[PDB]
Amino acid sequence: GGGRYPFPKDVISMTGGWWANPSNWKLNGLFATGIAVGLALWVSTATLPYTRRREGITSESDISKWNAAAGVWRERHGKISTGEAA
Amino acid sequence: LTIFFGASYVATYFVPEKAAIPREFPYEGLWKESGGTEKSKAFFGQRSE
Amino acid sequence: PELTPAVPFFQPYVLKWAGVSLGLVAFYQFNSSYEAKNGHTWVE
Amino acid sequence: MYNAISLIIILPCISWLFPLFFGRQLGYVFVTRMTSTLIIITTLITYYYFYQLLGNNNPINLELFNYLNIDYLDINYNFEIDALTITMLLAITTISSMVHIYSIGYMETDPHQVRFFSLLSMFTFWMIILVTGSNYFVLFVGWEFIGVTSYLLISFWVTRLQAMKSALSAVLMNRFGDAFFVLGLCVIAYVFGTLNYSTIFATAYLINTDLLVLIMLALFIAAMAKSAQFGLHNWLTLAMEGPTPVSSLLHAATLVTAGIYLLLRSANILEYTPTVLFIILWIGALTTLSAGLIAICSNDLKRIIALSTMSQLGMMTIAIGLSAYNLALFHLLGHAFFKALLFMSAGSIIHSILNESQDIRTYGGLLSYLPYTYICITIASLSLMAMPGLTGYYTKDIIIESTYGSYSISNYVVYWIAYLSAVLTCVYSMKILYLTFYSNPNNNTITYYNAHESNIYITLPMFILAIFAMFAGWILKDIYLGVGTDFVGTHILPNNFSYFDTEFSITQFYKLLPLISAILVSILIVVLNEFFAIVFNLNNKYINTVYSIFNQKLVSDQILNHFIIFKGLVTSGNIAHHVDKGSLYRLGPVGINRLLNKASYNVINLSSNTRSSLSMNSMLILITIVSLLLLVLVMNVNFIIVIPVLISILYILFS
Amino acid sequence: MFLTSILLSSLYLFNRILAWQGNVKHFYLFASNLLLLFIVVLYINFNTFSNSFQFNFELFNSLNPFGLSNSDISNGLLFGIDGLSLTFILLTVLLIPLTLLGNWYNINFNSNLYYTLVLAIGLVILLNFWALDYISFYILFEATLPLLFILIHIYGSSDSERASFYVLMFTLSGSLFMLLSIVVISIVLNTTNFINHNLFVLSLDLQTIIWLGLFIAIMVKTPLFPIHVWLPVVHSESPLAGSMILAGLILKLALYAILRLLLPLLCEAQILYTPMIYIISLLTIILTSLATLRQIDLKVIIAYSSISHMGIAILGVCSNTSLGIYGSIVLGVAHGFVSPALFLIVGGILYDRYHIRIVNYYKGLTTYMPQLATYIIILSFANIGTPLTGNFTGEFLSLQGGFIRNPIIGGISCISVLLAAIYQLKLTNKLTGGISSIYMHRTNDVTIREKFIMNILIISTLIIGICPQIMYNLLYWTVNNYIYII
Amino acid sequence: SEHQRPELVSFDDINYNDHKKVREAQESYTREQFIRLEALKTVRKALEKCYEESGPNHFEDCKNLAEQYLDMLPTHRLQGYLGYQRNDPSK
Amino acid sequence: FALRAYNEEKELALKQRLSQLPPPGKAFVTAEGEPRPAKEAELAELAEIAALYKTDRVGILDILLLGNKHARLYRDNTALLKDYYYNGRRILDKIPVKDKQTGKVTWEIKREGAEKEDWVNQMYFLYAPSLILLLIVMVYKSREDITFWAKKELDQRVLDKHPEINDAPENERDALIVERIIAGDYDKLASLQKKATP
């Protein structure tokens, strides 16, 4: 290629090295694309049940009941809201 | 740094007056919608009206 | 663009790591299914 | 079998890791194309999610496995793409896409393209993680890992010592901020009992203002590190040692925005910490003015553009200080586009010169040689100068106006500070344009014989980003700056909302002086440089000293290196040599050794004379009996008197 | 069948193996992995829903000195494991075979003695985690010093004589004050056992005296400022197995000793004294880190690095907060993974190739030694506390606890996050960065063995950093057993 | 599943030489503090839900839950058995 | 690997068969540090004694049964084989490979297999799977943490105090348990603090 220099051929990195472009890269790229598409499909399909929207999951009646129970607890324990001590 | 912050401080005395009052909000300053309980108005209540 | 010598894809580290990881994932899923059809995982 | 959020998270991780696993097997060709393609798909998915969110605005969540659940501290790997997040992701994915396609042509003939593309996607993945997390812990994960990736990308050319030192500067100056972030996390977990956004922003209106001020001061010092505000700005210009695509992605549009994202996510706490907003405002005002003053007296192109980025981040922080979070968000999104375009243009310019020089004093007249680069860089510079119709106008003029529209009386000065930084951006962009394109030649002749535009992989990104930097602001105006938009639903306090006053109170002078000032100062700088160039070349010692301070980054990298770093190394040597290898060895193996040498020698050189062994030891019996009898007399008389007698006897025996 | 028949089978097999092949390292590695597997089986058979001590056994009883006791009068040494013990026991059995394999090919003179001493130190440390009285703990806490003296003296570097004398004398100095403490405990209570020693409430004025001796021992063993100067020399001039064992397990014996000897007993003295602990810990953090910034020897730099993280662990364990205890334990485990990996890099990879440790010779390993550079970067960013490693989890929770206990000291201690980065990356940047050194010829990259060790130690820390919660089933009692709050 | 429900022992009713009852009491104290924590986490989860459903109405709708969470956080936490084992509050 | 593969005569010949050769350290160098200085008959000789290092010359039932005088012979003429093998492997950068049919072995280049280290079978098949087992055990013992037990217990206490929840629909009981938890105090810690009530 252009702008190239000698390099030690016995240096082995998990990345390429110096201008890595082996003469089988279409087959290996086919393998890598297959593994990548499969991994992406697996992760998406398996993470579908762990997704949710922010809103519309809990009825506001549940929210009303929980806030009312909170008030019940707060006056059972004899507590006043923030700022009322003045 | 001293030039910057000293000039910044000096320039505050040469500031024009505002032309409109701040905004004001209907229900006694939205103390309920901001989390008040009729004794917490001074803490959570916004401007008068 | 100049070429380099061929390099096989499934070198030993690929096989080892992918095999152990996918096998642990499969064992996890199998134990989950066991608890779905029983009341206790297989390892328990 | 379709998850926008999960595809968005996992595809960049694939693009990062599969090169690292399979690079020797795949090569740089396939790695480049694959990483590109995966980021392109993530970008399209983000655009579709943005469309759907404008339609509905019910954010998707992704609640995965549990990190730590010990005692009141429940941290999970939870993710979410809300309005703020999807905006940040538009920026991230778009600029990473364009940078990936740009670095195919830029970094050709580099032997280490595989690692470069792996690291670009590493940064993309961890920034997606930073923005999508639903708690501060995931944010910190992304924070620290983008710091790691910045170190490695600035250190990409490992044989260059200055690149290594610049990367060390970046990583340590950011771990300063990460230390303060860790302090903030500890305070949050103490006060709130949780690091999740939904509880903190539900309770924040009730907690003592002092604790929130502590939290937000710490997180703001973290953001002060990342966003290159003044006190911690020294790494951003040094990071230009890295390749230009890194400069376009990280240190223009993405990494420096993490601090802004932090402050914008924590807006719902900052509304109850007015002190910290004040500090943010004035630090940003200092930053925007001082970066411009440094840029106008700089001579390297990438440094000028980095300081431009610094100034725009300062203006974003001004907007945060004025409780104008949506404005800072909008300017972040626009700045990403037109600044990435600027850096890409600078890279093409740098590659048009045979010796890839970056000094504007050695470019000259490259207009007819580089016309496409010229129109792209001037599009970006006009969308940075805030000229009408472009994204800079809609994104930047509103902040200079909100300076005046703020209910606080003191913010009027910030109008003038921001105004001067604007009329300075006009200067330090027109300088670039003149010295690079319009001026007379300053290079040799072979440079202009071999000057040429670069390949499609460079130009197509520049085209797309120019389209963005022309239209996206007008598109997204009513989303971000409109009247009552509700898209980015940050709960601003009603007392602090100044937009309605900002658009109306503003009179003609304070609305037109920025634009008219730009359109005049640009013409004046061009005209002076072309006809009256002596104005900038007077050779006065008192002008040149001021130029030299402004050319040495406001002697900011000399104060840090000498009075902090070097004195720290000296104090560290003082510790290591005078305490850890001095006094603590004296109260230790050395002093005990000398003490025992002397004491042993005195003990054995007591029976002095070997001439007669009998008389000597006989005298010792006599002395022992006499001394004991008198000592027992003395202790019967009173005890404490015998103590110094025994001390002196030990002295005589052992000294 | 017989007990003696089975161990005589093992003994005869060992003798014949030594007769035919004149080396012991294969048999010791087989026993290494066998012990690991047996401990995993014990964890399989461990009830997490009982805070009690399990797998108890007593030795050297009056009625059966060469066997186990079933007596109604117990006068021997007690043994048994809690979840806290089992955590560090898992760490120990994980590390022992790696310490044997880290010196597989670089010991070419009196090999069998080296491997015997290494395995013996490891088994003493295991049994020390199994102990359930002050005296068995002590006799296994001090029994490593002869072996370490001999190992470091015979198989050590240039300055090995000084290091041998240090590792014995400093530790003996602290441990004899520990012995005075233990003697006082035994004569006052007439009992020494870690089961019911929180039932005996001593007077405050005597707790405050016993605590002094125990804490002097903990200060010399942890180490803590001002008694930290032996650790650079010892960890530097030792063989690789010694440094790994030391930094991974013997430094953690002090943490375990706090939690097992000093907090359950002596609660009121501890709750009165802990601001002094915080003074000492903050000093130990900041001054040791800054001292690291001006060191010229690599293994010495890593040695100094251990001290600051142990100081953060001390902040956590002396915090009276559950999160702090859990963080200190995770720090111990993750440091026991990461620091021996760094010691391997700087004492078995580079030292085996160049036989020198001065930083001025090393530069630009990335060119010929790229895998090593990747490992250095990973382990550096793990040692300084990057998230998704157990180091960050432990640091985070220890500093949480320190802030809860003393916000000012615990907040000032968070500059650890910075100073760690400085002293680690100033070294990493030079080693991995620049043009390759003119003082060094080219040598092989990391081998499959070295890579095996480093990969085990990286996988472990990444597992416990990505999901720290997997360690809670053996610690959800321990995080509440040593908390004094009314 | 065979979910266990052990018997509750107090330190005030036992003799500390019977170690079984002492361990039962330690485990009782710790177990009830963990149940307190699960109550706190239920409150926090409800607060999160009401915040995520209400939005700008959370200041009014989630008020009692927020105040309850901040009232419970200092007290519903792990605080160890030794402080009560080794101290008689009646003296 | 074999059971009973010891054969006295070849060892007792091999002793001085190797003593007639030069020392292992100085053989492949010649004191001039050159493989060429060694003669080529000597080189093939060294190759075929070195290939005898990785041959089964003993089994389990021969180490457990035979006497010391034979084991010592095996040991001290196996050390020599080992050292010849590895000194050649380093100096020459060749291993010896006897090919299939021709009965003559000589140093060759091919090093992409046919060589294994002595620590691999121990670790990769006793140590690695034990750590994988430890990971499995940790993951499935995490199911027994007190958080889950406490959740189940608290729900059960609520159901015992309010049995009316159970007849309600099956996907609504959770919210009702949450309501009653938020309302009440089902912990029993002040129950255990009897002497604190004055």
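By written order: A, B, C, D, E, F and G. Residues from 1 in each chain.
The rule is simple: a contact is a pair of C-beta atoms (placed from the backbone, for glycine too) under 8 Å apart; a residue touches a chain by one contact, two chains touch by 3 or more.
Visitor: Of all the other chains, whose mean CA position lies farthest from chain D?
Guide: G
Visitor: Across the interfaces F-G and A-B, which one involves more C-beta pairs in contact?
Guide: Between A-B and F-G, contacts are more numerous in F-G.
Visitor: Could you put a whole-Å number on the gap between the CA centroids of chain E and chain F?
Guide: The mean C-alpha positions of chain E and chain F differ by 34 Å.
Visitor: Taking the mean of the CA coordinates per chain, how far is chain A from chain C in Å?
Guide: The mean C-alpha positions of chain A and chain C differ by 20 Å.
Visitor: Mind checking the centre-to-centre distance between chain C and chain D? Centres are C-alpha means, answer in whole Å.
Guide: Centres of chain C and chain D (C-alpha means) sit 39 Å apart.
Visitor: Would you pick out the residues of chain E that each touch at least 2 other chains?
Guide: Those would be 49, 322, 367, 469, 472, 476, 479-480.
Visitor: In chain B, which residues are in touch with two or more of the other chains?
Guide: In chain B, residues 34-35, 37, 44 touch at least two other chains, as defined above.
Visitor: Check each residue of chain A and list the ones that touch at least two other chains.
Guide: 1, 4, 12-15, 19-22, 28, 32, 54-56, 62, 66, 70, 73, 81-82
Visitor: Can you give me every chain pair that touches, using the contact definition above?
Guide: A-B, A-C, A-D, A-E, A-F, A-G, B-D, B-F, C-D, C-G, D-E, D-F, E-F, E-G, F-G
Visitor: Which bits of chain A are touching chain C when the two form their complex?
Guide: Checking each residue of chain A against chain C gives 1, 4, 19-24, 27-28, 31-32.
Visitor: Touching residues of chain A toward chain E in the complex: what are they?
Guide: Of all residues in chain A, those touching chain E are 8, 11-15.
Visitor: Flag every residue of chain E that touches chain D in the complex, lowest number first.
Guide: 162, 166, 226, 228-229, 287-288, 290-295, 321-323, 326, 364, 366-367, 377, 381, 384, 386-388, 392-393, 395-397, 399-400, 403-404, 410-411, 414-418, 421-422, 425-426, 429-430, 432-435, 466-469, 472, 479-480
Visitor: In the complex, go through chain G and note every residue touching chain A.
Guide: Answer in residue numbers: 175, 178-180, 182-185.
Visitor: Spell out the part of chain A that touches chain G in their complex, as residue ranges.
Guide: The contact residues of chain A facing chain G are 62, 65-66, 69-70, 72-73.
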